[PDB]
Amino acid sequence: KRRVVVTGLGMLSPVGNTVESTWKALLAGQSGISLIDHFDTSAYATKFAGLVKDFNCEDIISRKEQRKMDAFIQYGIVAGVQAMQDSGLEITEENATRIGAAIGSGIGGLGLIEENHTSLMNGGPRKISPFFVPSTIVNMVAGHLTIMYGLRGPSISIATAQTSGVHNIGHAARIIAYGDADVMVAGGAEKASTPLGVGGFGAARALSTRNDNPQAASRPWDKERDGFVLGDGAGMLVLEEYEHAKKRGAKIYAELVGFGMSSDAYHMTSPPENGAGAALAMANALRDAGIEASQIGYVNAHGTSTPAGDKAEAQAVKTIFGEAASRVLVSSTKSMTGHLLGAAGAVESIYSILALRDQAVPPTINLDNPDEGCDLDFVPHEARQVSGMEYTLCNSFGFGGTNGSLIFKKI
């Protein structure tokens, strides 16, 4: 029976370019949302997003290799290097074969897709870059990291839209627990703040259009919420078999004890009022970890700030938590960070792990006036200290009705 622990963290987010700076900003209630200035937003209903500030990879990726990568890949590689360095793991000929990666994205390389298509429209196919395919496809972050570190173990990339982060991390764990690997770098990366991303989620009526107050736009469970806020970034964890971790004297952030999956089988872009899929995913993670809902002290919600989605998850938590629903803390960091899509569940799993280490839960900012009829504690406005918290639960849900939940355990 192989246990899986977390021994390395890496991250780029709209509120910090490292794991610790991001976590600190979150506990301080800082918003990373701002007006977009990299493309003309005049014709766009939504003109703001959670952008990665002053992104720097000069020292990690040549400007030469950079030409072959969409920004999402650059972000994922930087976050993965952060996590690999953080873990302190040394790759050897003996080891190589037992270390792999499970890294995905929800939409992949929109920026270079648009650049190559513009080139084709303007000058014909001869203007398409030789790097079109490898610079835009989802699995390219795992591709570059394995090459960079000489990892020859299993490499997969799960693209389950907004649930990708959670699924890649959960399957990395399954892979290790099954015996196919002893270490996996896992998570997700996304850079969808482009004309097609903003225009596309906007065409669907899914984004907040509160342009006059971008930082107040993301407000999960608030009565005035009007859609999600796009966020860019990457989150990466180094997962590792327990005995392997101890043997090398690794620092252990927490243990990954449960992973649950489910499907809504309801609608392509909306959950059922019931939240029955979200509930099933949580129920499965609890069963997988062998614990009762009452043992969870904090739920890092999917909480995207949409009218129907927030309501469904609140119903799901009430259903799974029952009596303890008032005792469990629930918050949505998307209130500050925006929605990282395929990387959401990866950065949020990190927040869930840090909550265990620091015994402190970040708030749902902007929660001025919560929906009526709900007795859940969404940790409005300010961080909250916790006492003897042993388990946290991270949810991620996605278009296509695909859901996932992870459960982390202290020590």
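Numbering starts at 1 and follows the sequence shown.
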- Message: Highest mean C-alpha temperature factor of the two stretches 137 to 145 and 90 to 98, which is it?
- Response: 90 to 98
- Task: Averaging only over Cα atoms, indicate whether 354 to 362 or 338 to 346 has the higher B-factor in the PDB entry.
- Result: 354 to 362
- Message: Looking at 242, 72, 201, 228, which one carries the largest C-alpha B-factor according to the PDB entry?
- Response: 242
- Note on the structure: Among 190, 114, 212, 313, highest Cα B-factor in the entry goes to 212
- Would you mind ranking residue 180 by its C-alpha B-factor against the rest of the chain and naming the third, lowest, middle or highest? middle
- Which third of the chain holds residue 10 when residues are ordered by C-alpha B factor: lowest, middle or highest? lowest
- Task: Quick one: classify residue 323 as lowest, middle or highest third of the chain based on its Cα B-factor.
- Result: highest
- Comparing against every modelled residue in the chain, figure out the third that the C-alpha B-factor of residue 290 lands in (lowest, middle or highest). highest
- Could you look up the Cα B-factor of residue 208 in the entry and say which third of the chain it sits in: lowest, middle or highest? middle
